[PDB]
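Following: one structure in structure tokens, then a few remarks.
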Amino acid sequence: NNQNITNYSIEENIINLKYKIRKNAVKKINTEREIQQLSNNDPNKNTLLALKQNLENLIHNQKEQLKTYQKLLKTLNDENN
Amino acid sequence: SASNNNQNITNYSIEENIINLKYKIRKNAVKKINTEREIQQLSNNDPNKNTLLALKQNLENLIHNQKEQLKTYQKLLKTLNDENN
Amino acid sequence: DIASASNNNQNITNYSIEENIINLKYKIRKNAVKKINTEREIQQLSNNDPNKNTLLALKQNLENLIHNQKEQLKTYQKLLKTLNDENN
Amino acid sequence: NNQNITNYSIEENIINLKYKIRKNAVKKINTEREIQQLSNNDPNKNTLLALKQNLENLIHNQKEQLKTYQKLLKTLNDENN
């Protein structure tokens, strides 16, 4: 009479986030890289920096998705664990 | 001679990224719907209510930043499929 | 033991899983469109071009992705009928 | 000209794939360990089996999309340009 894997579907959603976070971080750094190699370019330099910014927010929103799943998994395995 | 393509591969890489955001947006609208419903099948007390509430708010930002991501990727290729630099 | 079936009240079994299947449904539909694109640029392409090979090297794997995603959906779905929604 | 934006877009598909493969790898390993749960051949061990093995198919599939993209980006240093 024990829940089987139990804290499993929330374990792997946490993993999915860590690796989505570090991914778009790498993507972010590579957009800024690209932006820098462009100098007084055309209407691509400003489109990229928007895309860069969009990535920063996507990273913030995923970090708080993570913190919840993270902080929540410390909750349900509170007392009696 | 000239072979005026080169951009061949980047119309491609932008279209597929556009497709991706369009289906992510619609996918997350469902997740938001689902979330609002389990909220409603929950107590006014239960802590997991507050968790769900937040994951819904985070889902409201996500959809919004993916609308913005979409518009962008559009713009980049969108009109400026017009030989810029 | 045998009190009424309030499993439908407050549980993250209906949840967590539910979300994963919604994820798969829409990845399946996304990749179908993506493959349709690849079918299309393979139609408008050359038959001797360098891109026909890469494009004709991307559809392929989207076909297998679509198949492996359809199977993932049956599984997670089977894991749905099995627990709550006990086949009715 | 204008090939900076193109090396960018391929690179962004490439970075997205490295991390999808890496993420899908972590999920297999963690599904390799947990699938030897605790002998007690329970029901949901059947489900973890299928899940894990569709991870292998995902990984091998991403690994192919990414070599191509990598091979494609490679079409730039030397040969072309």
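Just the heavy atoms: all of them, side chains too, but no hydrogens, waters or symmetry mates, feed the values below. The chains referred to below are lettered A, B, ... by the order of the sequence lines, with proteins before strands, and numbering in each begins at 1.
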With a 6.0 Å cut-off (strictly less than), is the heavy-atom count around NZ of D:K45, excluding the residue itself, greater than 12? yes
Could you tell me which non-hydrogen atom of D:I15 sits nearest to which non-hydrogen atom of A:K23, and how far apart they are? CG2-O, 4.1 Å
What part of D:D42 gets within 4.5 angstrom of chain A, counting heavy atoms only: side chain, backbone, both, or neither? side chain
Kindly determine whether D:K27 and A:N16 satisfy side-chain hydrogen bond (donor to acceptor under 3.5 Å, both in side chains), including the steps that lead there. CA-CA 9 Å; D:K27 265 146 172 196; A:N16 222 74; 2.2 Å; yes
Report the distance from atom OH of A:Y8 to atom CG of D:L48, rounding to the nearest 0.5 Å. 5.0 Å
Chain A-proximal positions within residues 28-38 of chain D [heavy-atom distance under 4.5 Å]: D:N30, D:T31, D:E34
Rounded to the nearest 0.5 Å, what separation is found between the CG atom of D:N44 and the CG atom of A:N4? 5.5 Å
Rounded to the nearest 0.5 angstrom, the CG-CG distance for D:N1 and A:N41 is 9.5 Å
